[PDB]
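Structure, as structure tokens:
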There are 2 protein chains.
Amino acid sequence: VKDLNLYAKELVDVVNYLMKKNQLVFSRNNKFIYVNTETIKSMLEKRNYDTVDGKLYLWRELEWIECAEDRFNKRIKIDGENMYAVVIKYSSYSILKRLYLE
Amino acid sequence: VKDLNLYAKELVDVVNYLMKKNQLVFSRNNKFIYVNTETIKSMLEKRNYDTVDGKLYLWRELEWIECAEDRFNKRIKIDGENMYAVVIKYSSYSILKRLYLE
């Protein structure tokens, strides 16, 4: 429950799940990974070591995700869509994946 | 596959110890905690789950500490005096402390 590896592992697994489902959306510069808020919320409900908001709060505080002020998502423009999404930093995912694989 | 909790708990414990001993200096905006490099290195020697540099390298890669180029510390100003210090991000310490409390 109070195990940082669970949060770090979940971030790498979220990207792995989206890769597998062919739902992975990258920014144009490949700096960010965009995920639909409802998709993230249904995925973060699976592992009961914390709530959805507890997971998002920790990712935000550790700066693995980019958020708007007092929110868990940002407003982004991608392939004609100008709306809210959970913004995962590609650099953070790469660092955590490299750590997950050592 | 490193146990991130060892590194995270050690960051929290180091700050707590130094807070208690009044050996911490905060930045004016409370964004950073400044610690003497030798004090940090002496404390990081105690727990043998990694080397001092292995611990500092992980804190730097996860961005829990702010460093100068190819250094584990940074040059700063304290009451007009310029000196090197390990610069801990207060936000990183807060989330980790909250994680191991609740």
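To be explicit about the labels: the chains of the structure tokens are called A, B, and onward in the order shown, and within each one the residues are counted from 1, while ligands get numbers from 1 in the order they are shown.
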
All Cα atoms, paired in order, least squares: that's the fit I need for chain B onto chain A, output as a CSV table (one decimal) with N, CA, C and O atoms, in the first residue's frame.
chain,number,residue,atom,x,y,z
B,1,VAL,N,4.3,5.5,5.0
B,1,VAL,CA,5.4,5.3,4.1
B,1,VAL,C,5.0,4.4,2.9
B,1,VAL,O,5.0,3.1,2.9
B,2,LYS,N,4.5,5.1,1.8
B,2,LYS,CA,4.1,4.5,0.6
B,2,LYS,C,5.2,3.7,-0.1
B,2,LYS,O,6.3,4.0,0.0
B,3,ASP,N,4.7,2.7,-0.8
B,3,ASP,CA,5.7,1.9,-1.6
B,3,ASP,C,5.6,2.6,-3.0
B,3,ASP,O,4.6,2.4,-3.7
B,4,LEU,N,6.6,3.4,-3.3
B,4,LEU,CA,6.6,4.2,-4.6
B,4,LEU,C,6.6,3.3,-5.8
B,4,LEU,O,6.1,3.7,-6.8
B,5,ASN,N,7.2,2.0,-5.7
B,5,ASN,CA,7.2,1.0,-6.8
B,5,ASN,C,5.8,0.7,-7.3
B,5,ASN,O,5.6,0.4,-8.5
B,6,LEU,N,4.8,0.7,-6.4
B,6,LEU,CA,3.4,0.4,-6.8
B,6,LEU,C,2.9,1.4,-7.8
B,6,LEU,O,2.3,1.0,-8.8
B,7,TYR,N,3.2,2.7,-7.5
B,7,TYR,CA,2.8,3.9,-8.3
B,7,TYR,C,3.6,4.0,-9.6
B,7,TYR,O,3.0,4.2,-10.7
B,8,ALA,N,4.9,3.7,-9.5
B,8,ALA,CA,5.9,3.7,-10.7
B,8,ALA,C,5.6,2.6,-11.6
B,8,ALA,O,5.5,2.8,-12.9
B,9,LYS,N,5.4,1.3,-11.1
B,9,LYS,CA,5.1,0.2,-12.0
B,9,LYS,C,3.7,0.4,-12.7
B,9,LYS,O,3.5,0.0,-13.8
B,10,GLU,N,2.8,1.0,-12.0
B,10,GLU,CA,1.5,1.2,-12.5
B,10,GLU,C,1.5,2.3,-13.6
B,10,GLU,O,0.8,2.1,-14.6
B,11,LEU,N,2.4,3.2,-13.5
B,11,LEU,CA,2.6,4.2,-14.6
B,11,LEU,C,3.1,3.5,-15.9
B,11,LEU,O,2.5,3.6,-17.0
B,12,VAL,N,4.2,2.7,-15.7
B,12,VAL,CA,4.8,1.9,-16.8
B,12,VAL,C,3.8,0.9,-17.4
B,12,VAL,O,3.7,0.9,-18.6
B,13,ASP,N,3.0,0.2,-16.6
B,13,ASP,CA,2.0,-0.8,-17.1
B,13,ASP,C,0.9,-0.2,-17.9
B,13,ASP,O,0.5,-0.7,-18.9
B,14,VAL,N,0.4,1.0,-17.4
B,14,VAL,CA,-0.7,1.7,-18.0
B,14,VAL,C,-0.2,2.1,-19.5
B,14,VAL,O,-1.0,1.9,-20.4
B,15,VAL,N,1.0,2.7,-19.6
B,15,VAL,CA,1.5,3.2,-20.9
B,15,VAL,C,1.7,2.0,-21.8
B,15,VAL,O,1.3,2.1,-23.0
B,16,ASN,N,2.3,0.9,-21.3
B,16,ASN,CA,2.6,-0.3,-22.1
B,16,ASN,C,1.3,-0.9,-22.6
B,16,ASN,O,1.3,-1.3,-23.8
B,17,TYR,N,0.2,-0.9,-21.8
B,17,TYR,CA,-1.1,-1.5,-22.2
B,17,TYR,C,-1.7,-0.6,-23.3
B,17,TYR,O,-2.1,-1.2,-24.3
B,18,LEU,N,-1.6,0.7,-23.1
B,18,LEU,CA,-2.2,1.6,-24.1
B,18,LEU,C,-1.4,1.7,-25.4
B,18,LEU,O,-2.0,1.9,-26.4
B,19,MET,N,-0.1,1.5,-25.4
B,19,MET,CA,0.8,1.4,-26.5
B,19,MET,C,0.4,0.2,-27.4
B,19,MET,O,0.1,0.4,-28.6
B,20,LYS,N,0.3,-1.0,-26.7
B,20,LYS,CA,-0.2,-2.2,-27.3
B,20,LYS,C,-1.5,-2.1,-28.0
B,20,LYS,O,-1.7,-2.6,-29.1
B,21,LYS,N,-2.5,-1.4,-27.4
B,21,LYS,CA,-3.8,-1.2,-27.9
B,21,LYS,C,-4.0,0.0,-28.8
B,21,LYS,O,-5.1,0.2,-29.3
B,22,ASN,N,-2.9,0.7,-29.1
B,22,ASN,CA,-2.8,1.9,-30.0
B,22,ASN,C,-3.8,3.0,-29.5
B,22,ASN,O,-4.5,3.6,-30.3
B,23,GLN,N,-3.9,3.2,-28.2
B,23,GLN,CA,-4.7,4.2,-27.6
B,23,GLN,C,-4.0,5.4,-27.0
B,23,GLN,O,-4.5,6.1,-26.2
B,24,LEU,N,-2.7,5.5,-27.4
B,24,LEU,CA,-1.8,6.6,-27.0
B,24,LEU,C,-1.6,7.5,-28.2
B,24,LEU,O,-1.6,7.2,-29.4
B,25,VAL,N,-1.4,8.8,-27.8
B,25,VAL,CA,-1.1,9.8,-28.7
B,25,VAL,C,0.2,10.4,-28.1
B,25,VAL,O,0.2,10.7,-26.9
B,26,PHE,N,1.2,10.7,-29.0
B,26,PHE,CA,2.4,11.3,-28.5
B,26,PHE,C,2.3,12.8,-28.9
B,26,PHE,O,1.6,13.2,-29.9
B,27,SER,N,3.1,13.6,-28.2
B,27,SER,CA,3.2,15.1,-28.6
B,27,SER,C,4.2,15.1,-29.8
B,27,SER,O,4.9,14.2,-30.0
B,28,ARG,N,4.1,16.2,-30.6
B,28,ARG,CA,5.0,16.4,-31.8
B,28,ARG,C,6.4,16.2,-31.5
B,28,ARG,O,7.1,15.4,-32.2
B,29,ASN,N,6.9,16.7,-30.4
B,29,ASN,CA,8.3,16.7,-29.9
B,29,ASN,C,8.6,15.4,-29.1
B,29,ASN,O,9.8,15.3,-28.6
B,30,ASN,N,7.6,14.5,-28.9
B,30,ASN,CA,7.8,13.2,-28.2
B,30,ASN,C,8.1,13.4,-26.7
B,30,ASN,O,8.6,12.5,-26.1
B,31,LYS,N,7.8,14.6,-26.2
B,31,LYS,CA,8.0,14.9,-24.8
B,31,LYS,C,6.9,14.4,-23.9
B,31,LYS,O,7.2,14.1,-22.8
B,32,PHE,N,5.7,14.3,-24.5
B,32,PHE,CA,4.5,13.9,-23.8
B,32,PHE,C,3.7,12.8,-24.4
B,32,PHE,O,3.7,12.6,-25.6
B,33,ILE,N,3.0,12.0,-23.6
B,33,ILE,CA,2.1,11.0,-23.9
B,33,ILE,C,0.7,11.5,-23.5
B,33,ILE,O,0.5,11.8,-22.3
B,34,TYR,N,-0.3,11.6,-24.4
B,34,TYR,CA,-1.6,12.0,-24.1
B,34,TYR,C,-2.6,10.8,-24.0
B,34,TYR,O,-2.6,10.0,-24.8
B,35,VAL,N,-3.3,10.8,-22.9
B,35,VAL,CA,-4.2,9.7,-22.6
B,35,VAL,C,-5.6,10.3,-22.2
B,35,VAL,O,-5.6,11.3,-21.5
B,36,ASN,N,-6.7,9.6,-22.6
B,36,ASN,CA,-8.0,10.0,-22.3
B,36,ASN,C,-8.2,9.8,-20.7
B,36,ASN,O,-7.8,8.7,-20.2
B,37,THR,N,-8.7,10.8,-20.1
B,37,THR,CA,-8.9,10.8,-18.6
B,37,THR,C,-9.8,9.6,-18.1
B,37,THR,O,-9.3,9.0,-17.1
B,38,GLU,N,-10.9,9.3,-18.7
B,38,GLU,CA,-11.8,8.2,-18.4
B,38,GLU,C,-11.1,6.9,-18.5
B,38,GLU,O,-11.3,6.1,-17.6
B,39,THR,N,-10.3,6.7,-19.5
B,39,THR,CA,-9.5,5.5,-19.8
B,39,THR,C,-8.5,5.2,-18.6
B,39,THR,O,-8.5,4.2,-18.0
B,40,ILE,N,-7.7,6.3,-18.2
B,40,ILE,CA,-6.8,6.3,-17.1
B,40,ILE,C,-7.5,5.9,-15.8
B,40,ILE,O,-7.2,4.9,-15.2
B,41,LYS,N,-8.6,6.7,-15.5
B,41,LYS,CA,-9.4,6.4,-14.2
B,41,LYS,C,-10.0,5.0,-14.1
B,41,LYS,O,-10.0,4.4,-13.0
B,42,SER,N,-10.4,4.5,-15.3
B,42,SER,CA,-10.9,3.1,-15.3
B,42,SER,C,-9.8,2.1,-15.0
B,42,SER,O,-10.0,1.1,-14.3
B,43,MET,N,-8.6,2.3,-15.5
B,43,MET,CA,-7.5,1.4,-15.3
B,43,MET,C,-6.9,1.6,-13.9
B,43,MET,O,-6.5,0.6,-13.3
B,44,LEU,N,-7.0,2.8,-13.3
B,44,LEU,CA,-6.4,3.0,-12.0
B,44,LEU,C,-7.3,2.4,-10.9
B,44,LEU,O,-6.8,2.3,-9.7
B,45,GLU,N,-8.5,1.9,-11.2
B,45,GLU,CA,-9.4,1.3,-10.3
B,45,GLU,C,-9.0,-0.1,-9.9
B,45,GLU,O,-9.3,-0.5,-8.8
B,46,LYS,N,-8.4,-0.8,-10.9
B,46,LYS,CA,-8.1,-2.2,-10.8
B,46,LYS,C,-7.2,-2.6,-9.5
B,46,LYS,O,-7.6,-3.5,-8.8
B,47,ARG,N,-6.0,-1.9,-9.3
B,47,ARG,CA,-5.1,-2.2,-8.2
B,47,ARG,C,-5.4,-1.4,-7.0
B,47,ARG,O,-5.3,-0.2,-7.0
B,48,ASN,N,-5.9,-2.1,-5.9
B,48,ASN,CA,-6.4,-1.5,-4.7
B,48,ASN,C,-5.3,-1.2,-3.6
B,48,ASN,O,-5.4,-1.6,-2.5
B,49,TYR,N,-4.2,-0.5,-4.0
B,49,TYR,CA,-3.2,-0.1,-3.0
B,49,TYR,C,-3.4,1.3,-2.6
B,49,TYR,O,-2.9,1.8,-1.7
B,50,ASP,N,-4.3,2.0,-3.4
B,50,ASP,CA,-4.7,3.4,-3.2
B,50,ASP,C,-5.9,3.7,-4.0
B,50,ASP,O,-6.3,2.8,-4.8
B,51,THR,N,-6.5,4.9,-3.8
B,51,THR,CA,-7.7,5.3,-4.6
B,51,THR,C,-7.1,5.9,-5.9
B,51,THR,O,-5.9,6.1,-6.0
B,52,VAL,N,-8.0,6.1,-6.9
B,52,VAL,CA,-7.6,6.7,-8.2
B,52,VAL,C,-7.0,8.1,-8.0
B,52,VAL,O,-5.9,8.4,-8.5
B,53,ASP,N,-7.6,8.9,-7.1
B,53,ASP,CA,-7.2,10.3,-6.8
B,53,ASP,C,-5.9,10.3,-6.1
B,53,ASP,O,-5.0,11.1,-6.3
B,54,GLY,N,-5.7,9.3,-5.2
B,54,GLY,CA,-4.4,9.1,-4.4
B,54,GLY,C,-3.3,8.8,-5.3
B,54,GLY,O,-2.2,9.4,-5.2
B,55,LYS,N,-3.5,8.0,-6.4
B,55,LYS,CA,-2.5,7.6,-7.4
B,55,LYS,C,-2.2,8.9,-8.3
B,55,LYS,O,-1.0,9.2,-8.4
B,56,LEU,N,-3.2,9.6,-8.8
B,56,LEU,CA,-3.0,10.8,-9.6
B,56,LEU,C,-2.3,11.9,-8.8
B,56,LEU,O,-1.5,12.6,-9.4
B,57,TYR,N,-2.7,12.1,-7.6
B,57,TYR,CA,-2.1,13.1,-6.7
B,57,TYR,C,-0.5,12.8,-6.5
B,57,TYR,O,0.2,13.8,-6.7
B,58,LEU,N,-0.1,11.6,-6.3
B,58,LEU,CA,1.3,11.2,-6.2
B,58,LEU,C,2.0,11.4,-7.5
B,58,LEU,O,3.1,12.0,-7.5
B,59,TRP,N,1.4,11.0,-8.7
B,59,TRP,CA,2.0,11.3,-10.0
B,59,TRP,C,2.2,12.7,-10.2
B,59,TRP,O,3.3,13.1,-10.8
B,60,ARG,N,1.2,13.6,-9.8
B,60,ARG,CA,1.3,15.0,-10.0
B,60,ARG,C,2.4,15.6,-9.1
B,60,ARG,O,3.1,16.5,-9.6
B,61,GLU,N,2.5,15.2,-7.8
B,61,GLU,CA,3.4,15.7,-6.9
B,61,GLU,C,4.9,15.4,-7.2
B,61,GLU,O,5.8,16.2,-6.9
B,62,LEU,N,5.1,14.2,-7.8
B,62,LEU,CA,6.4,13.7,-8.2
B,62,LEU,C,6.7,14.2,-9.7
B,62,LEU,O,7.8,14.0,-10.2
B,63,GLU,N,5.8,14.9,-10.3
B,63,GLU,CA,5.9,15.5,-11.6
B,63,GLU,C,6.1,14.5,-12.7
B,63,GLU,O,6.9,14.7,-13.6
B,64,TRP,N,5.4,13.3,-12.6
B,64,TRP,CA,5.4,12.3,-13.7
B,64,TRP,C,4.3,12.7,-14.7
B,64,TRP,O,4.4,12.2,-15.9
B,65,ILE,N,3.3,13.5,-14.3
B,65,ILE,CA,2.2,14.0,-15.1
B,65,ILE,C,2.2,15.5,-15.1
B,65,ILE,O,2.5,16.1,-14.0
B,66,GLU,N,1.7,16.1,-16.2
B,66,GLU,CA,1.6,17.6,-16.2
B,66,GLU,C,0.1,17.9,-16.1
B,66,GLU,O,-0.7,17.4,-16.9
B,67,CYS,N,-0.3,18.8,-15.2
B,67,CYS,CA,-1.7,19.1,-14.9
B,67,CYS,C,-2.0,20.6,-15.0
B,67,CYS,O,-1.1,21.5,-14.8
B,68,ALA,N,-3.3,20.9,-15.1
B,68,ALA,CA,-3.8,22.3,-15.1
B,68,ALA,C,-4.0,22.5,-13.5
B,68,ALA,O,-4.0,21.6,-12.7
B,69,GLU,N,-4.1,23.8,-13.1
B,69,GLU,CA,-4.4,24.2,-11.8
B,69,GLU,C,-5.6,23.5,-11.1
B,69,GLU,O,-6.7,23.6,-11.7
B,70,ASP,N,-5.4,22.8,-10.0
B,70,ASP,CA,-6.4,22.0,-9.3
B,70,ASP,C,-7.2,21.0,-10.1
B,70,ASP,O,-8.3,20.7,-9.9
B,71,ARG,N,-6.4,20.4,-11.1
B,71,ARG,CA,-6.9,19.3,-12.0
B,71,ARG,C,-5.9,18.2,-12.1
B,71,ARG,O,-4.7,18.4,-11.8
B,72,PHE,N,-6.3,17.0,-12.5
B,72,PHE,CA,-5.3,15.9,-12.8
B,72,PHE,C,-5.1,15.8,-14.3
B,72,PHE,O,-4.2,15.0,-14.7
B,73,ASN,N,-5.8,16.5,-15.1
B,73,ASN,CA,-5.6,16.5,-16.5
B,73,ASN,C,-5.4,17.9,-17.0
B,73,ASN,O,-5.4,18.9,-16.3
B,74,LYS,N,-5.1,18.1,-18.3
B,74,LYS,CA,-4.8,19.3,-19.0
B,74,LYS,C,-5.5,19.4,-20.4
B,74,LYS,O,-5.8,18.4,-21.0
B,75,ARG,N,-5.8,20.6,-20.8
B,75,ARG,CA,-6.4,20.9,-22.1
B,75,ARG,C,-5.3,20.9,-23.2
B,75,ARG,O,-4.3,21.6,-23.0
B,76,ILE,N,-5.5,20.2,-24.2
B,76,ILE,CA,-4.5,20.0,-25.3
B,76,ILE,C,-5.1,20.1,-26.7
B,76,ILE,O,-6.4,20.1,-26.8
B,77,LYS,N,-4.3,20.0,-27.8
B,77,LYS,CA,-4.8,20.0,-29.2
B,77,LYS,C,-4.2,18.8,-29.9
B,77,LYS,O,-3.0,18.5,-29.9
B,78,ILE,N,-5.2,18.0,-30.5
B,78,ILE,CA,-4.9,16.8,-31.3
B,78,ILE,C,-5.6,16.9,-32.7
B,78,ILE,O,-6.8,16.8,-32.7
B,79,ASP,N,-4.8,17.0,-33.8
B,79,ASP,CA,-5.3,17.2,-35.1
B,79,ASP,C,-6.3,18.3,-35.3
B,79,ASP,O,-7.4,18.1,-35.8
B,80,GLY,N,-6.0,19.5,-34.7
B,80,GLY,CA,-6.9,20.6,-34.6
B,80,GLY,C,-8.0,20.6,-33.6
B,80,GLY,O,-8.6,21.7,-33.3
B,81,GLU,N,-8.2,19.5,-33.0
B,81,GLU,CA,-9.3,19.3,-32.0
B,81,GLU,C,-8.7,19.6,-30.6
B,81,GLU,O,-7.7,19.0,-30.2
B,82,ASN,N,-9.4,20.4,-29.8
B,82,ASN,CA,-9.1,20.7,-28.4
B,82,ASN,C,-9.8,19.8,-27.5
B,82,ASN,O,-11.0,19.5,-27.6
B,83,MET,N,-9.1,19.2,-26.5
B,83,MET,CA,-9.7,18.2,-25.5
B,83,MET,C,-8.8,18.1,-24.2
B,83,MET,O,-7.7,18.4,-24.2
B,84,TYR,N,-9.5,17.5,-23.2
B,84,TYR,CA,-8.8,17.2,-21.9
B,84,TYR,C,-8.1,15.9,-22.0
B,84,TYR,O,-8.6,14.9,-22.6
B,85,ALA,N,-6.9,15.8,-21.5
B,85,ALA,CA,-6.1,14.6,-21.5
B,85,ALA,C,-5.2,14.5,-20.2
B,85,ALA,O,-4.7,15.6,-19.7
B,86,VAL,N,-4.8,13.3,-19.8
B,86,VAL,CA,-3.8,13.1,-18.8
B,86,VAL,C,-2.5,13.1,-19.6
B,86,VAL,O,-2.4,12.5,-20.6
B,87,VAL,N,-1.6,14.0,-19.2
B,87,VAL,CA,-0.3,14.3,-19.9
B,87,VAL,C,0.8,13.6,-19.1
B,87,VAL,O,1.2,14.1,-18.1
B,88,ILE,N,1.3,12.5,-19.6
B,88,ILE,CA,2.4,11.7,-19.0
B,88,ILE,C,3.7,12.2,-19.6
B,88,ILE,O,3.8,12.3,-20.9
B,89,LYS,N,4.7,12.5,-18.8
B,89,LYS,CA,6.0,12.9,-19.3
B,89,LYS,C,6.8,11.7,-19.8
B,89,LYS,O,6.9,10.7,-19.1
B,90,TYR,N,7.2,11.7,-21.1
B,90,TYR,CA,7.9,10.6,-21.7
B,90,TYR,C,9.2,10.2,-21.0
B,90,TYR,O,9.4,9.0,-20.7
B,91,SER,N,9.9,11.2,-20.5
B,91,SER,CA,11.2,11.1,-19.8
B,91,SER,C,10.9,10.3,-18.5
B,91,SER,O,11.7,9.4,-18.2
B,92,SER,N,9.9,10.5,-17.7
B,92,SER,CA,9.5,9.9,-16.5
B,92,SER,C,9.2,8.4,-16.8
B,92,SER,O,9.7,7.5,-16.1
B,93,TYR,N,8.4,8.2,-17.8
B,93,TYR,CA,8.0,6.8,-18.2
B,93,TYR,C,9.3,6.0,-18.6
B,93,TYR,O,9.4,4.8,-18.3
B,94,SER,N,10.2,6.6,-19.4
B,94,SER,CA,11.5,6.0,-19.9
B,94,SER,C,12.4,5.6,-18.8
B,94,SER,O,12.9,4.4,-18.8
B,95,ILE,N,12.6,6.4,-17.8
B,95,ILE,CA,13.5,6.1,-16.6
B,95,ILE,C,12.8,5.0,-15.8
B,95,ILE,O,13.5,4.0,-15.4
B,96,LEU,N,11.5,5.0,-15.6
B,96,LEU,CA,10.9,4.0,-14.8
B,96,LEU,C,10.9,2.7,-15.5
B,96,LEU,O,11.2,1.7,-14.9
B,97,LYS,N,10.7,2.7,-16.8
B,97,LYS,CA,10.7,1.4,-17.6
B,97,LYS,C,12.1,0.8,-17.6
B,97,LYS,O,12.2,-0.4,-17.4
B,98,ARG,N,13.2,1.6,-17.8
B,98,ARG,CA,14.6,1.2,-17.7
B,98,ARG,C,14.9,0.6,-16.3
B,98,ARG,O,15.5,-0.4,-16.2
B,99,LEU,N,14.4,1.3,-15.2
B,99,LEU,CA,14.6,0.8,-13.8
B,99,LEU,C,14.1,-0.7,-13.6
B,99,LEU,O,14.7,-1.5,-13.0
B,100,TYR,N,12.9,-1.0,-14.2
B,100,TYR,CA,12.3,-2.3,-13.9
B,100,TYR,C,12.7,-3.3,-15.0
B,100,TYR,O,12.4,-4.5,-14.8
B,101,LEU,N,13.5,-2.9,-16.0
B,101,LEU,CA,14.1,-3.8,-17.0
B,101,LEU,C,15.6,-4.1,-16.7
B,101,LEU,O,16.0,-5.3,-16.6
B,102,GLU,N,16.4,-3.1,-16.4
B,102,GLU,CA,17.8,-3.2,-16.0
B,102,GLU,C,18.2,-2.3,-14.9
B,102,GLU,O,17.9,-2.5,-13.7

*asked:* Using DSSP assignments from the backbone, pull out every residue in chain B that falls under alpha helix (DSSP H) and give it to me as a ChimeraX atom specification.
replied: /B:4-20,37-43,52-61,90-101
